[PDB]
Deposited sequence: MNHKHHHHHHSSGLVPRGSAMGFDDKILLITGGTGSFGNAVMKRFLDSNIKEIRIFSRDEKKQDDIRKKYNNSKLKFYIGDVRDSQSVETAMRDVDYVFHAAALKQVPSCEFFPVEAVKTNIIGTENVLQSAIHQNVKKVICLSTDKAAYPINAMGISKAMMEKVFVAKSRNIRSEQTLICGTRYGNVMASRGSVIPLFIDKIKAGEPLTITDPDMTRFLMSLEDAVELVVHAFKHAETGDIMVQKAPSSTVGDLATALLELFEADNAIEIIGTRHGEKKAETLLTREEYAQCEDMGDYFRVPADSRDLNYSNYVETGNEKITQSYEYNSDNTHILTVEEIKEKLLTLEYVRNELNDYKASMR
């Protein structure tokens, strides 16, 4: 990060911001926020009042606007997506345009600009997808994986990261926004080209959650078979029973309540 330039596509999102407040008071050269929305960008600019933040208008659908932003960049965190389920169900083609083709553009541009590392953000919904958001995401995973095979890593390294949700008796994964940034920083440092990184996470029942108030699949069977264990993460390396919310360290109110406390968002009656 000594004089290094980071580009975050979809930089104005929940995640882009979390990577920001993290990376900012650091000694990285420049953090390029790249997205469509001048309003969110304007809100970010004013508050942080920090010169390392560069704002780029553009969208991942358009190769020429990606290139401009991509010039002389070292690391890309590709977070730009259509990520809501109904919006993708009614407009699957838009899901395609952004999630899949948007990713081809980011990758081609990255390679052309001799970017060192690209990390594509993905979702547990891509593991056995049933909805268009998840499906398009699965397809984005295959896309970056195929690209990684063809590209020498010392030129450009290309990897991805699935996560479940951040921030009645059935179960769901528990990740904070702080936890999400971690997975990516982890991928940055340790991923080899083609890898999908997934964070090991506690997974509360949705019923026991609502009490602390005063099944999600992260790896397909086949992915768990092929994978590699890194401690708090599995690593699915590119080729050439299952990891889900019902079978990690499941928690009860006693623990559900504690993790909540740390969300600087939830602890708000001040």
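**Q** Can you give me the gaps, meaning deposited-sequence stretches with no C-alpha coordinates, in sequence order?
**A** Sequence ranges with no C-alpha atoms are 1 to 22, 190 to 213, 261 to 280, 307 to 325, 356 to 363.
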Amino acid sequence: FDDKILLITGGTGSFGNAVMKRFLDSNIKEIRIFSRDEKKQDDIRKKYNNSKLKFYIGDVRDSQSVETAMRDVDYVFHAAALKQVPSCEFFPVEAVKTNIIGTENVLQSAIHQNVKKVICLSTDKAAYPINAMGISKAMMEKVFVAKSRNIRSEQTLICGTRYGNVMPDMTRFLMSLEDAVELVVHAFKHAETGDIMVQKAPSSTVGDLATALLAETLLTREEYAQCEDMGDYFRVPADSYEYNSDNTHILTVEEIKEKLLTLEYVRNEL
From here on, numbers count along this sequence of modelled residues.
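**Q** What stretch has the higher average Cα B-factor here, 14 to 22 or 252 to 260?
**A** That would be 252 to 260.
**Q** Using the B-factors recorded in the PDB entry, average over the C-alpha atoms of 183 to 191 and of 122 to 130, then report which stretch comes out higher.
**A** Result: 183 to 191.
**Q** For the CA B factor values reported in this entry, which option in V236, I31, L209, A69 has the top one?
**A** Comparing C-alpha B-factors across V236, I31, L209, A69, the top value belongs to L209.
**Q** Of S35, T205, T220, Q64, which one's C-alpha B factor is largest in the deposited record?
**A** In the PDB entry, the greatest C-alpha B-factor among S35, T205, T220, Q64 is found at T205.
**Q** Should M197 be placed in the lowest, middle or highest third of its chain by the C-alpha B factor in the entry?
**A** It falls in the middle third of the chain.
**Q** Among all modelled residues of this chain, ranked by Cα B factor, put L177 in the bottom, middle or top third, i.e. lowest, middle or highest.
**A** CA B-factor rank for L177: highest third.
**Q** Tell me, lowest, middle or highest third: where does the Cα B factor of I8 rank within its chain?
**A** Within its chain, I8 is a lowest-third residue by C-alpha B-factor, going by the deposited values.
**Q** Using the B-factor values recorded in the entry, state whether the Cα atom of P92 falls in the lowest, middle or highest third among the modelled residues of its chain.
**A** Lowest third - that is where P92 ends up once the chain's C-alpha B-factors are sorted.
**Q** Relative to the other modelled residues of the same chain, rank the CA B-factor of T103 and answer lowest, middle or highest third.
**A** Lowest third of the chain for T103's C-alpha B-factor.
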